[PDB]
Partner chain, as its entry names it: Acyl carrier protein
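Take a look at this single chain in structure tokens; it is the form deposited without its partner chain.
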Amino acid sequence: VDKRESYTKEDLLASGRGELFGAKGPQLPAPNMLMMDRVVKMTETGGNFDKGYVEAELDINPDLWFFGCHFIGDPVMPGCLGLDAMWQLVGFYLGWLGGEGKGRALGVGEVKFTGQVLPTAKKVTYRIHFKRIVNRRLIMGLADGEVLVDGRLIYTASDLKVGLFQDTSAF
């Protein structure tokens, strides 16, 4: 895969279609499960553990689908979706490294939500710090993640774990 340092909305839409990393690489979900608008920085070193880093962003506007149903009369972005954006990124990175197989979130250690994303926010930032990568014949990625809303750290997640599966029926 020709690694780029950044990807645009159109690159992420292609990803979901299987065009970015090709037919044997992982895919990101398509709207409305896609939780990022852009990947601004990807590096194989750096990050808190110096073993990789990814930063992505989601632009907030009052019309985003999830605000209307969550909750009626009390709009707030579901923390589960911000968490999913982090699993989505770990899987995207494994494919960026050239890993083959479809992505599947395997788990996460501690997750703490200390604030919320309201429809008046402007931007959500996702920062992923890779701890361990097993790109052997068993691709797995381990990482810590952070979610910031307009620069304020609101969610942390330790040990996000994602694996790539050549044959998904074995899951």
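Positions refer to the first chain, counted from 1.
The next section is about a form of this same protein that is not shown, the form solved in complex with its partner chain.
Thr125 falls outside the set of residues with a heavy atom inside 4.5 Å of its partner chain in the deposited bound form. Taking the partner from elsewhere, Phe49 is found to have every heavy atom lying beyond 4.5 Å of its partner chain in the deposited bound form.
Although the partner is absent here, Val40 lies well away from its partner chain in the deposited bound form, with no heavy atom inside 4.5 Å.
Residue contact with its partner chain in the deposited bound form: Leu106 places a heavy atom within 4.5 Å of it. Within 4.5 angstroms of its partner chain in the deposited bound form, the stretch 116-137 places a non-hydrogen atom from each of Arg132, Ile133, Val134, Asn135, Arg136, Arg137, taken in sequence order.
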